[PDB]
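A.B. asks: Let me give you the structure first, and then I'll get to my questions.
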Ligand code: HEM
Ligand SMILES: CC(C)(C)OC(=O)N[C@H](CS[C@H](Cc1ccccc1)C(=O)NCCc1cccnc1)Cc1ccccc1
């Protein structure tokens, strides 16, 4: 509470913090509601406290460009630490300063479009698996829980595109590989405690207690070392990383850490976003029909999608983009200010976490007409030019943006094309309309999305 005078000293408005807790009791309706309320009450900048940690929210696009792009290497290089991580210190998304810059360099060629284009046939084959599993539920007119069927698909693409492991996870839900990979919210009892007692992280570190379950990581560390020495010697991210350390080059533990970070990144996020898209499509049947029409036009006779035909589909892009406006699953972007700086006329002291409230800026009425409405036309080739890339930031911006952005969009778009070539999706009576968001620390629905699936 001796850090609680900072924003008052700088003349920055904000909610008044409680001793020890700072402002965290205000998270009782989730990050997103608190961000919106603060933006409304206070304006273009505000300040609050995760316990003793000061967080400065910013909403000026010039200033957001300074933090995310212009001054990224110099000042704003790292996100805030969040819990004991053990050897996952070395994952690209956790690493800092020159170690991150090194790993970002080492893994960037892995995510080029050319490498992605070679991944498309592997991503395509489990679209086919996705359809047959869905068709089994559509012929037995039982409502479908999207998270399970899409989770199984996302998991299927990951195991294949990252290790070559080919599993029908939905029907082998309990293969040892699928078990570890699925398993284990910054507003759960643990992480709030860490925010009130962030002195306790080094405690857990010397104790080898890790927020990554130690059994999953132990399983994958040894799984990788088997794969590595079965390929060595006798198309996936592991090969791409194995070829990279065939040179400063990627250590062996370092390689495992990135493998682990890739698996989750796209397990729950791809799965989650595909469900938000199928919700919107089901409650906006005209948007759905217009997409089936575009897909049939570009790929007649249920022609298999290809890398090039996917980038041909403009309405598909508009649907994806608009969904990520309403549900940017990151919610906020964050960088720690490593040096006293003054950017766009505002002094920022060292150690402040600077925060871009994406969810709140994606639903700002001052940049978006009817911002709560699902309106893909916002992203039409005509109107797309009028959208500020520092207000709409579903993948971040700048040198620390989502390295997997192009893979994710291609992964999800192949997912939707195949599924819409063969099915229409319709609300049930058990479908939650309007969808309510979870009051927790994740951007996800209050209730899981359930929809009726009919065969075309
Ligand atoms: C719909 C899917 C996804 C969305 C919306 C998304 C969004 C984001 C966002 C908002 C960030 C923070 C960017 C920033 O701080 O400016 C991020 C970081 C990151 N994402 Fe994604 N992401 C997605 C999928 C993926 C996938 C499939 C991968 C596959 C490897 C991935 C890997 C990463 C990595 C490694 C980082 C950290 C980048 C760094 O620290 O250098 N993400 N993502
Ligand atoms: C989004 C937020 C900050 C509100 O709560 C978080 O969950 N904490 C993020 C870590 S998320 C997840 C956690 C994890 C899981 C397994 C191993 C290590 C870490 C993770 O693997 N993260 C990196 C890849 C990723 C995640 C989501 C989207 N794209 C890529 C901090 C963070 C959040 C989003 C992007 C980058 C970092």
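A.B. asks: Please report the equivalent ellipsoid semi-axes of the stretch 42-198, computed as sqrt(5 x eigenvalue) of the Cα gyration tensor, largest first, in whole Å.
C.D. replies: Details: eigenvalues 278, 100, 66 Å².
Here the semi-axes work out to 37, 22, 18 Å.
A.B. asks: Follow-up question, since we're still on this one. For the residue pair residue 381 and residue 347, what label-to-label distance in nm results when each label sits 7 Å from Cα along the Cα-to-beta-carbon direction?
C.D. replies: Output for this residue pair reads 5.1 nm.
A.B. asks: Suppose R0 equals 45 Å; then what is the FRET efficiency for residue 303 and residue 229 from their Cβ-Cβ distance, rounded to the nearest 0.05?
C.D. replies: Numbers: r = 41 Å, r/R0 = 0.90.
The formula returns an efficiency of 0.65 here.
A.B. asks: Here is a further query. Please give the per residue volume of the convex hull enclosing the alpha carbon atoms of the chain, rounded to a whole number of Å³. It would help to have the intermediate numbers written out before the result.
C.D. replies: Working: hull volume 68.8 nm³, N = 456.
Spelled out: Cα convex hull of the chain, divided by residues, is 151 Å³.
A.B. asks: Run a plain Debye calculation on the stretch 24-93 (Cα atoms as equal point scatterers, no solvent) and give log10 I(q)/I(0) at q = 0.18, 0.20 Å⁻¹, rounded to two decimals, same order as the q list.
C.D. replies: So the normalised log intensities work out to -0.94, -1.06.
A.B. asks: Could I ask something else about it? Against the 2.2 N^0.38 Å scaling, with N counting residues, where does the stretch 72-117 land? I'd like the Cα-based Rg ratio to two decimal places.
C.D. replies: On the way: Rg = 12.5 Å, N = 46, 2.2 N^0.38 = 9.4 Å.
Relative to the rule-of-thumb radius for its length, the stretch 72-117 sits at 1.33.
A.B. asks: To continue, here is another question. Provide 156, 148, 234 in ascending order of the number of other Cβ atoms located within 10 Å of each residue's Cβ, fewest first.
C.D. replies: Details: 156 26, 148 16, 234 5.
Ordered from fewest to most neighbouring Cβ atoms within 10 Å, 156, 148, 234 come out as 234, 148, 156.
A.B. asks: Follow-up. Is it possible to state the helix-based mean residue ellipticity at 222 nm for the chain, with each DSSP H run of 4+ residues giving -39500 (n - 2.57), the sum divided by total residues, to the nearest 500 deg cm²/dmol? What is it? Intermediate values should be presented prior to the final figure.
C.D. replies: Details: 17 runs with 213 residues, N = 456.
Dividing the helical sum by the residues of the chain leaves -14500 deg cm²/dmol.
A.B. asks: Classify the stretch 127-252 as rounded, prolate or oblate from the Cα gyration tensor: take a ≥ b ≥ c as the square roots of its eigenvalues, call it rounded if a/c is under 1.5, otherwise prolate when a/b beats b/c and oblate if not.
C.D. replies: oblate
A.B. asks: If you average 1/r over every pair of different alpha-carbon atoms in the stretch 333-456 and take one over that average, what Kirkwood value in Å do you get? Working shown, then result.
C.D. replies: Numbers: mean 1/r = 0.0546 Å⁻¹.
That comes to 18.3 Å for the stretch 333-456.
A.B. asks: Mind giving me the nanometre distance, one decimal, between the label points for residue 369 and residue 2, set 7 Å out from Cα along Cα→Cβ?
C.D. replies: Inter-label distance under the simple model: 5.5 nm.
A.B. asks: Between residue 168 and residue 312, what is the label-to-label distance in nm when each label sits 7 Å out along the Cα-to-Cβ direction?
C.D. replies: Label-label distance for residue 168 and residue 312, simple model: 3.0 nm.
Each reported figure results from applying straightforward, stated rules to the coordinates on display, with no laboratory input. Positions of Cβ are backbone-derived with ideal geometry, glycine not excepted, and every protein chain shown enters the neighbour counts.
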